[PDB]
Amino acid sequence: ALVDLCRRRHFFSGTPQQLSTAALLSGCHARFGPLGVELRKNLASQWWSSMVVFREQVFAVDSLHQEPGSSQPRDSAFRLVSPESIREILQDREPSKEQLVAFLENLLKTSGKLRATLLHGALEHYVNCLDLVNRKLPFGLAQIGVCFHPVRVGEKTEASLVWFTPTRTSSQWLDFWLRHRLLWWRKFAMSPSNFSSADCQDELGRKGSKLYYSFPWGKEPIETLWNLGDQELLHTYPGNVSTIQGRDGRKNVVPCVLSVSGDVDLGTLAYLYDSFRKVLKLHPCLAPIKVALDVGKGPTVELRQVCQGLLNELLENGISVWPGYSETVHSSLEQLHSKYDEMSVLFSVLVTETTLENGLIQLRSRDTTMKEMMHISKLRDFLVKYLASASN
Amino acid sequence: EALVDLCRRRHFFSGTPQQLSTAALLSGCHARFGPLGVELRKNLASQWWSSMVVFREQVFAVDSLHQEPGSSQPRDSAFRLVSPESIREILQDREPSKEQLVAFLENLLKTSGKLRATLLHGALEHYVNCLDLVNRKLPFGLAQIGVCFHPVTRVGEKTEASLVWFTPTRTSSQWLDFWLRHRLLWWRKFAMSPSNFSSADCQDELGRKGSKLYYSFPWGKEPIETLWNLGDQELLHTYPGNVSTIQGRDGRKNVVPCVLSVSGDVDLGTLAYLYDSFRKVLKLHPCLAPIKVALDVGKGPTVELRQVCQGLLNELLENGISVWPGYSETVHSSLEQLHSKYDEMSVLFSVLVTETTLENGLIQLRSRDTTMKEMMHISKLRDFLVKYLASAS
Amino acid sequence: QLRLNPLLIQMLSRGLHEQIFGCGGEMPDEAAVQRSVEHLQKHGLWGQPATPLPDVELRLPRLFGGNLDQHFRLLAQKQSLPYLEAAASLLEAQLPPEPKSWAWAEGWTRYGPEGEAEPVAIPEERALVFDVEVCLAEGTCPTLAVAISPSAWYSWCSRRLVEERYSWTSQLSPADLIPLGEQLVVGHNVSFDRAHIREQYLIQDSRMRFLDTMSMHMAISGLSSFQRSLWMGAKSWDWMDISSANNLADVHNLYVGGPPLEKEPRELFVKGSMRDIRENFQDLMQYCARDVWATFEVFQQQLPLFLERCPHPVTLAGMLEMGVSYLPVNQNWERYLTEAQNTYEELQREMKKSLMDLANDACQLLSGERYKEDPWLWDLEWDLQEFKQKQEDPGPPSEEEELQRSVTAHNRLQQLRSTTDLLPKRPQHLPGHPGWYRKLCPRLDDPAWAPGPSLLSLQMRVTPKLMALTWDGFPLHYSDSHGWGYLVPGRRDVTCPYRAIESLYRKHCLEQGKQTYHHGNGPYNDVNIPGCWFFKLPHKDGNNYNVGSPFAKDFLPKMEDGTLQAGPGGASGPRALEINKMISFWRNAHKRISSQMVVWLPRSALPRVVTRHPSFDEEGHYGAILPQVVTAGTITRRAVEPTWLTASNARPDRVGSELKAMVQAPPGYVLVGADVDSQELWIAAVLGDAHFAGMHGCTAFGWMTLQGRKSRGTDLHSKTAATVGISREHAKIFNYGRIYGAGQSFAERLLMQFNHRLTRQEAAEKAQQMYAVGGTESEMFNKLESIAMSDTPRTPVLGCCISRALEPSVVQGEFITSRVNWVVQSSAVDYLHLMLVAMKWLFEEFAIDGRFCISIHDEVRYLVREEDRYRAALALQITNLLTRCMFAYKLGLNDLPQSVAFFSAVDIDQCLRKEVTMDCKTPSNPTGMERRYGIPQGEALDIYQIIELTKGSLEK
DNA sequence: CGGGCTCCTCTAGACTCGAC
DNA sequence: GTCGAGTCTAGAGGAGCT
Ligand SMILES: Nc1ccn([C@H]2C[C@H](O)[C@@H](COP(=O)(O)OP(=O)(O)OP(=O)(O)O)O2)c(=O)n1
Ligand SMILES: [Ca+2]
């Protein structure tokens with residue numbers, strides 16, 4: 001199974017009661033180990049550059065994990081209650097039946113609340129980012145952060161794009177974002193047909209698309225699109241509309257708000273399933289370990305010093321390297337290759353006695369399973385080129 | 001002009017004027033960073049991650065939930081998590097009694113999730129997995145950058161960069177001194193005034209040895225980092241049971257590892273570096289400045305100049321350099337105002353792609369440090385920027 | 001066993017005096033005793049009895065000669081007899097001609113007659129002439145060596161010159177050294193060749209000894225530093241024809257003559273690479289053979305002269321013992337180098353951050369030509385250089401539109417990538433920036449390029465202008481003819497902005513509290529700065545000297561007192577000066593210390609004592625550094641070593657100052673040594689005593705020298721220190737300067753430098769009182785001048801003659817101070833030779849496991865096994881007693897005072913340091929040796945403690 | 001008339017040679 | 001034919017030891 005392999009290779013982390021289909025989608029436990037965290041960080045980096053760096057007028061937003069909290073219904077998100085206050089009321093002076101009802105009313109009425117979606121945080125920063133662009137619509141706000149939803153409390157890491165666009169080109173911008181997100185998901189996928197787009201209608205009748213990933217059990221909405229309109233922005237900014245309307249041409253227009261909400265955690269699960277001898281053929285832009293350095297013969301000290309220099313060079317060049325030469329007990333070469341393939345290691349480098357003589361090292365490629373001899377000085381350039389070619 | 005006002009108008013900060021006071025900024029009760037501030041914090045977190053995980057032997061990542069298991073602790077001030085539907089269900093629908101309401105409130109303090117205040121507990125939960133990853137070969141470590149909640153009653157959020165180092169008790173003090181020196185050097189590396197970063201040994205309520213780093217803010221020193229020489233008590237509390245699952249291989253003998261916690265405040269660190277950097281110029285470090293290149297245009301032909309600027313942008317972005325497209329701004333401003341704006345935004349370089357570039361390719365490059373204008377060919381700009389960024393590291 | 005002098009000085013105990021001088025000594029002359037009393041009471045010194053120090057009873061080993069002189073002659077002959085035989089075998093040996101072709105094989109090749117080459121493991125004979133060539137590009141591993149034997153030529157080739165592998169181990173071992181194993185090796189710098197010998201790094205002391213032709217040249221026809229400078233410039237003046245410089249070519253010209261030697265113009269071993277050496281193998285081997293043959297001829301011409309001018313075998317035995325120095329190190333040495341380099345880099349980065357920020361802030365003075373108004377940066381190069389030459393939202397674009405816009409942008413960008421043709425092949429260096437900023441920045445092509453003015457340092461002449469240093473409210477100004485100084489405004493006779501100087505001075509005087517108004521050093525009118533006077537900064541050596549940098553360590557008190565201030569204010573100036581003071585030693589010695597040739601022994605090479613000892617760590621390294629010592633590098637025949645004789649002691653504010661503390665004995669071994677107390681001062685006293693009345697304490701100076709104790713702080717150095725209120729380490733300099741020729745001006749300047757409270761008049765009065773004193777020190781000076789002015793100046797103890805360039809016939813009245821100081825300094829060198837001979841004799845007879853570690857001009861450190869540390873201490877005390885007795889005997893005094901009979905304390909320590917109790921706190925070692933490296937404090941023991949611990953015996 | 005050394009960095013000056 | 005950049009060397013002032 002894929003979940004067991006990910007757990008043993010530290011892509012996952014949890015008890016067997018937590019590594020189940022229902023539990024994984026819940027988000028009530030830290031389902032990612034160190035390699036899984038690195039893969040999720042690679043996914044976040046690929047999302048960020050493809051949406052905030054390579055895109056025009058898209059800016060970063062950071063918002064709190066707590067919301068002001070209101071007595072409005074249909075809010076199942078867990079609330080914040082001060083522990084000392086509850087101890088003070090229950091102990092010390094004794095309240096009455098009515099007083100405790102008032103205390104519970106106050107908690108519902110006035111208390112913190114855990115955010116359910118990143119949409120509100122971006123909408124709160126609408127004015128500052130509008131002033132950042134000199135009121136020139138359109139512009140977008142992006143954020144990667146953990147959101148809390150009732151299941152216990154589940155945590156899902158969401159990458160949400162709130163795109164402020166004029167009412168005229170709302171459908172065009174929505175289709176633009178839909179095709180761009182579909183290409184982004186399919187860019188890293190060995191099976192890009194497993195990603196699908198379906199037109200969906202909101203409970204208020206608003207239109208959108210739900211990007212799925214065809215998991216082995218069924219499609220899960222890894223990403224959801226909505227044409228929310230001006231309702232949410234008007235709700236979050238009551239009063240004068242002058243601060244709501246942005247400058248688009250000679251007109252001032254309240255921008256329609258588009259929600260592009262992904263699930264980096266569910267996306268990481270999708271890419272782990274897509275990547276799956278036992279080999280996780282993760283895309284080079286996503287694989288957490290890209291070089292594995294090992295020694296092959298004696299002397300240990302000189303070979304270890306050569307490997308240390310090579311590791312320092314690769315780290316200075318931004319390539320993630322697994323120091324496999326530091327293991328006190330090393331397995332066979334075949335076992336190391338199998339372990340690296342299960343861990344989605346792009347390349348394996350073995351430094352031997354011949355390296356001291358001429359600088360030629362045995363380089364192995366995960367995708368082709370073909371050995372190759374390459375000079376030491378030409379390893380770094382080869383890896384950098386390969387990563388650049390895979391990126392573009 | 002005050003630093004806070006400048007950082008607010010340049011979008012390093014955020015919030016109303018009632019949130020820009022020193023107490024409000026220190027509390028952490030509101031989002032205090034604009035897009036430039038978020039990018040600066042991301043750069044600081046990336047530098048921390050590099051120096052503490054990438055270039056450090058046997059340091060691994062870990063992610064833990066913001067919510068911790070509920071405990072009936074005597075005086076913990078950690079905010080609790082309750083289901084609003086259940087509160088409505090008890091209060092409304094069937095009517096309970098006075099005693100029942102007491103039982104519910106006691107149950108909240110008894111069995112309810114609590115927001116984390118430190119990253120130590122999350123790191124200790126993944127100790128066995130990292131033991132398996134390293135084949136139980138001490139020393140190793142777990143690093144994590146996340147948000148921790150501090151009661152202030154308002155709730156304050158602070159970004160914490162913590163490295164829980166598991167070392168044998170024999171070299172605990174030596175490793176603690178090494179980490180203290182390493183963190184002090186790391187904080188002084190990006191600082192225009194390394195003297196403002198200090199250290200002071202301190203002890204806790206249980207008498208454990210420790211030290212705290214400080215930054216001399218204009219109002220006073222603040223503990224931007226703490227290093228505690230914790231014992232084995234935390235591991236035993238998190239792992240009550242067989243000692244064979246906690247012991248690590250120190251050399252030839254199994255030893256329950258001594259725990260050192262190196263907790264730094266990334267938000268407070270960004271504030272410290274904003275004060276350290278601050279004509280009005282934020283002399284932030286080149287490895288921390290949010291915007292590294294800024295591009296402009298000339299006086300016609302606009303289409304060809306734009307095409308060239310688009311190509312140069314793409315070239316700079318593909319190499320991993322953040323770029324501010326100042327040419328796309330439809331608002332006209334003089335080069336003096338543009339340069340002052342770039343200075344206040346800690347923009348390292350401002351490129352001027354003019355019509356004369358279409359002839360040869362000479363673009364005027366202005367550096368923030370010297371404010372001097374130097375001509376360079378377009379093909380050489382990317383290599384120069386990469387060399388400058390790799391040399392400032 | 002208590003004895004007394006006719007002048008009441010406590011002499012040796014009866015048991016020791018009977019075994020040293022013997023009974024039957026002639027009674028003192030009554031007239032001489034009365035004369036000594038009259039001279040001694042004239043200065044109010046007669047009387048004042050001294051407390052009788054506890055007596056000593058030791059059964060010394062038999063002195064198998066006739067007296068002290070004969071005993072030392074016999075010991076030295078026994079020690080240096082076989083090496084003399086090996087040297088004589090070279091002089092009477094005929095050698096086959098230089099082989100036509102040199103073998104390319106690895107190892108040692110022996111050239112027989114007619115150039116035939118044969119593979120041999122090691123040279124067979126005992127006497128060799130050696131020269132070693134090292135490819136400096138690939139580190140310190142030897143490359144090739146050529147040797148001459150009394151019967152054949154020898155050549156050596158390393159595996160790195162032949163095999164040509166990609167990477168070689170950066171840590172050296174005995175395996176990749178030059179194997180050479182009662183053996184003698186001759187060479188111009190035998191120490192450099194010795195440092196490359198495999199067997200020399202073993203803890204066990206191989207009996208191989210090294211005779212150096214440069215040391216013999218210094219002994220025979222040596223030159224002083226002034227004499228060397230004059231001789232090189234010219235390359236009474238007859239000393240030039242009899243002396244030569246230390247270069248092998250000059251020595252060969254002086255002693256042998258004939259065709260001049262030529263060096264290789266390519267210099268492939270220093271500037272070239274390994275491939276060049278492979279290509280030019282035969283040419284380099286021929287040059288090495290030429291050097292070896294010249295060294296052999298020089299040795300032939302030098303050995304009889306050295307034996308005739310130094311007839312005492314003690315001199316040769318002491319040189320042979322000084323040629324086998326040995327310093328042990330461990331894995332902590334690498335940690336020391338890393339930590340020192342890291343601390344140096346951190347402090348230098350902080351200093352460069354400050355300097356670069358100041359420079360960048362200065363570059364904004366181009367706008368408006370405001371740099372012409374800066375009191376400091378007006379004179380820099382602010383010139384510039386020209387660059388040398390030969391709407392509504394359109395909406396989301398579709399996929400094809402995005403592709404077209406991306407490809408059009410690339411194509412436009414790539415089209416210009418070929419317009420580079422119009423630009424010079426050589427890239428200009430920052431034409432936009434000002435010239436002074438350009439000079440501070442490295443060029444983009446440099447392999448060590450760093451952003452900003454990375455080349456800035458406190459030693460540059462622009463740094464004080466950037467920091468805006470003001471001396472008493474006067475900006476600092478540099479005069480090429482007078483060094484650094486400052487400008488005093490108000491004079492009324494790019495132009496210097498004297499108006500800015502006046503404004504700054506007025507602001508400073510109104511702020512700090514100040515009011516022809518300044519006196520200072522002196523107004524030099526040759527500088528001719530418009531509207532300003534140039535006053536030179538006060539220098540620690542006088543007004544004639546020039547100040548090269550106001551960031552010297554002697555300006556730190558002036559920085560603290562507020563006379564010297566920095567422009568930015570605060571602690572910036574004090575921090576800069578404190579960083580300079582903490583980094584100056586490492587800045588000057590980091591290449592020397594880091595590039596020390598450390599050969600790490602494997603565990604097999606280590607003895608069983610090191611491995612079996614509990615302190616042994618299986619994960620630690622064990623090696624040794626062989627210092628490259630010239631046994632006679634001065635006209636006084638002292639040792640010379642570029643680093644270890646210049647190794648700074650541990651200081652609380654000096655990075656890398658724990659250098660000697662890093663010389664740590666291996667487990668099972670300890671370092672036992674001692675320092676001679678008031679060595680040269682007592683030698684001068686005993687000379688003056690033997691010239692006045694022939695008894696200890698006859699002169700007043702000898703009486704002052706003998707009476708006192710160091711522990712109680714009443715010795716002559718301590719007495720002078722208490723009188724003038726300075727440290728004893730500075731009273732040493734004061735007294736030695738007075739002894740060696742310093743006038744009253746030097747005394748005044750030294751007192752003012754070391755005692756800031758004293759004024760000029762107080763220092764002058766103190767100097768004149770201590771120099772006016774028919775004086776106390778008259779007899780010493782008279783005897784020194786009489787020995788110096790003799791037709792054949794020889795050492796009063798061993799008879800070693802002065803260099804032929806310093807004889808009165810050749811030089812008449814010139815360099816007389818050097819020739820009068822030579823008597824005392826060469827007497828100290830004879831003291832060292834006698835100590836080495838006696839220590840070797842005691843170690844050999846009583847079987848003390850140890851060897852000579854290092855000697856620096858008064859010290860004799862020994863790598864003794866821990867089981868025999870106190871035996872070594874007793875042996876060293878006995879050697880001190882015997883050396884003092886030998887001095888007294890050769891000077892005619894047939895007795896020895898008890899005060900100078902023994903060392904104050906013998907230091908038994910695990911590492912080399914000045915004091916046992918020091919933990920060596922240092923910026924690079926902030927926790928100390930015990931916390932970081934685990935070196936405990938040893939023991940400093942006087943004679944009585946050693947007697948108690950060893951039962952007064954050297955045998956076990 | 002302090003002496004005996006050691007080495008360093010910085011700077012000025014002269015020499016050499018390629019590109020315009 | 002000429003200007004500017006390596007490149008090499010020599011001298012001066014500072015700093016370690018004794
Ligand atoms: N500035 C100095 C320092 C030293 N020396 C010479 C004279 C000493 O005899 C010898 C050793 O120097 P010390 O500093 O050890 O002088 P002492 O031997 O008197 O000191 P101590 O009594 O502590 O051994 O070097 C000198 O001429 N000038
Ligand atoms: Ca001494």
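By convention in this document, chain letters (A, B, ...) are assigned in the order of the sequence lines, proteins followed by strands, and residues within each chain are numbered from 1. What you see below is based on every heavy atom in this structure, not just the backbone, and it leaves out hydrogens, waters and symmetry mates.
The minimum heavy-atom distance between C:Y336 and C:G656, with the atom names listed, is OH-O, 2.6 Å. When every heavy atom of C:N543 is checked against every heavy atom of C:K536, the shortest pair comes out as O-NZ, 2.9 Å.
The main-chain N or O of C:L423 is never found under 3.5 Å from a side-chain atom of C:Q389 such that the two would form a donor-acceptor pair.
Residue C:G813 is the one, among C:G813 and C:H857, whose nearest nucleotide of DNA chain D lies closer to the 5' end (criterion: closest heavy atom).
Of the residues in residues 582-594 of chain C, those placing a heavy atom less than 4.0 Å from an atom of DNA chain E are C:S584, C:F585, C:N588, in numerical order.
C:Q768 CD: 12 or fewer foreign heavy atoms inside a 6.0 Å radius.
Residue C:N546 places no side-chain N or O under 4.0 Å from the OP1 or OP2 atom of E:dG14. At least one side-chain nitrogen or oxygen of C:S648 sits closer than 4.0 Å to the OP1 or OP2 atom of E:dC17.
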Mind listing the N/O atom pairs, protein and nucleotides 18-20 of chain D, below 3.5 Å?
| from | atom 1 | to | atom 2 | distance (Å) |
| --- | --- | --- | --- | --- |
| D:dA19 | OP1 | C:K425 | NZ | 2.8 |
| D:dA19 | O5' | C:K425 | NZ | 3.0 |

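Note that OG of C:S648 is 11.0 Å distant from CG of C:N588, once rounded to the nearest 0.5 Å.
For C:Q428 and E:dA5, the CD to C1' distance is 12 Å, given to the nearest whole Å. When rounded to the nearest whole Å, the span between NZ of C:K660 and P of E:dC17 equals 8 Å. Atoms OH (C:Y740) and P (E:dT18) sit 15 Å apart, rounded to a whole Å. Between the P atom of D:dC5 and the CG atom of C:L645 lies a distance of 13 Å, rounded to the nearest Å.
Among the nucleotides D:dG4, E:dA15, D:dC10, the one closest to the side chain of C:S457 is D:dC10.
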